[PDB]
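Structure file query-v1.pdb (PDB, N, CA and C atoms) is printed below.
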```pdb
ATOM      1  N   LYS A   1      -2.456  -5.531 -16.662  1.00  0.00           N
ATOM      2  CA  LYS A   1      -2.638  -6.225 -15.355  1.00  0.00           C
ATOM      3  C   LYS A   1      -1.465  -7.173 -15.089  1.00  0.00           C
ATOM      4  N   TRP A   2      -0.467  -6.717 -14.382  1.00  0.00           N
ATOM      5  CA  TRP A   2       0.699  -7.597 -14.086  1.00  0.00           C
ATOM      6  C   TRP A   2       0.965  -7.625 -12.581  1.00  0.00           C
ATOM      7  N   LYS A   3       0.929  -8.785 -11.986  1.00  0.00           N
ATOM      8  CA  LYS A   3       1.182  -8.879 -10.520  1.00  0.00           C
ATOM      9  C   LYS A   3       2.573  -8.341 -10.193  1.00  0.00           C
ATOM     10  N   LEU A   4       3.403  -8.209 -11.186  1.00  0.00           N
ATOM     11  CA  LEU A   4       4.782  -7.692 -10.951  1.00  0.00           C
ATOM     12  C   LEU A   4       4.764  -6.171 -10.826  1.00  0.00           C
ATOM     13  N   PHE A   5       3.816  -5.545 -11.451  1.00  0.00           N
ATOM     14  CA  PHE A   5       3.730  -4.056 -11.393  1.00  0.00           C
ATOM     15  C   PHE A   5       3.699  -3.571  -9.946  1.00  0.00           C
ATOM     16  N   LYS A   6       3.392  -4.440  -9.035  1.00  0.00           N
ATOM     17  CA  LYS A   6       3.351  -4.037  -7.601  1.00  0.00           C
ATOM     18  C   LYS A   6       4.234  -4.975  -6.773  1.00  0.00           C
ATOM     19  N   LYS A   7       5.322  -5.433  -7.330  1.00  0.00           N
ATOM     20  CA  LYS A   7       6.204  -6.364  -6.581  1.00  0.00           C
ATOM     21  C   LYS A   7       7.683  -5.992  -6.758  1.00  0.00           C
ATOM     22  N   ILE A   8       8.038  -5.404  -7.870  1.00  0.00           N
ATOM     23  CA  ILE A   8       9.468  -5.036  -8.096  1.00  0.00           C
ATOM     24  C   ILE A   8       9.967  -4.047  -7.033  1.00  0.00           C
ATOM     25  N   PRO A   9       9.275  -2.944  -6.898  1.00  0.00           N
ATOM     26  CA  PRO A   9       9.682  -1.907  -5.911  1.00  0.00           C
ATOM     27  C   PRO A   9       9.530  -2.424  -4.477  1.00  0.00           C
ATOM     28  N   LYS A  10      10.156  -3.526  -4.160  1.00  0.00           N
ATOM     29  CA  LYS A  10      10.055  -4.067  -2.774  1.00  0.00           C
ATOM     30  C   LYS A  10      11.340  -3.759  -2.004  1.00  0.00           C
ATOM     31  N   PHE A  11      12.108  -2.809  -2.469  1.00  0.00           N
ATOM     32  CA  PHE A  11      13.369  -2.460  -1.754  1.00  0.00           C
ATOM     33  C   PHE A  11      13.041  -2.004  -0.332  1.00  0.00           C
ATOM     34  N   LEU A  12      11.926  -1.349  -0.158  1.00  0.00           N
ATOM     35  CA  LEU A  12      11.540  -0.877   1.200  1.00  0.00           C
ATOM     36  C   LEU A  12      11.296  -2.074   2.121  1.00  0.00           C
ATOM     37  N   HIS A  13      10.915  -3.193   1.567  1.00  0.00           N
ATOM     38  CA  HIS A  13      10.662  -4.393   2.412  1.00  0.00           C
ATOM     39  C   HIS A  13      11.980  -4.930   2.979  1.00  0.00           C
ATOM     40  N   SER A  14      13.062  -4.746   2.275  1.00  0.00           N
ATOM     41  CA  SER A  14      14.374  -5.247   2.778  1.00  0.00           C
ATOM     42  C   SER A  14      14.732  -4.578   4.103  1.00  0.00           C
ATOM     43  N   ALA A  15      14.696  -3.284   4.131  1.00  0.00           N
ATOM     44  CA  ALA A  15      15.039  -2.544   5.382  1.00  0.00           C
ATOM     45  C   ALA A  15      14.028  -2.860   6.490  1.00  0.00           C
ATOM     46  N   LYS A  16      12.847  -3.283   6.130  1.00  0.00           N
ATOM     47  CA  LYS A  16      11.821  -3.606   7.163  1.00  0.00           C
ATOM     48  C   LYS A  16      12.389  -4.597   8.184  1.00  0.00           C
ATOM     49  N   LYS A  17      13.424  -5.309   7.824  1.00  0.00           N
ATOM     50  CA  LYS A  17      14.020  -6.294   8.774  1.00  0.00           C
ATOM     51  C   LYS A  17      15.014  -5.598   9.708  1.00  0.00           C
ATOM     52  N   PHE A  18      15.861  -4.763   9.172  1.00  0.00           N
ATOM     53  CA  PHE A  18      16.855  -4.055  10.029  1.00  0.00           C
ATOM     54  C   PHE A  18      16.745  -2.541   9.828  1.00  0.00           C
TER      55      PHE A  18
END
```
Translate this structure into C-alpha cells?
Amino acid sequence: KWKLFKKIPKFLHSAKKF
C-alpha cells in the first residue's frame, strides 16, 4: 500500500496544461 504507486506516472498530467 503506497500512495506513490499511483502518483509517479503523472507524466500525462503535465500535458494536461498544454
Select from chain A everything DSSP, run on the backbone, classes as helix (DSSP H, G or I), then give the selection as a ChimeraX atom specification. /A:3-6,11-15
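For the pair atom CA of residue 16 of chain A and atom CA of residue 2 of chain A, the separation is 24.3 Å.
What separates atom CA of residue 3 of chain A from atom C of residue 18 of chain A is a distance of 26.4 Å.
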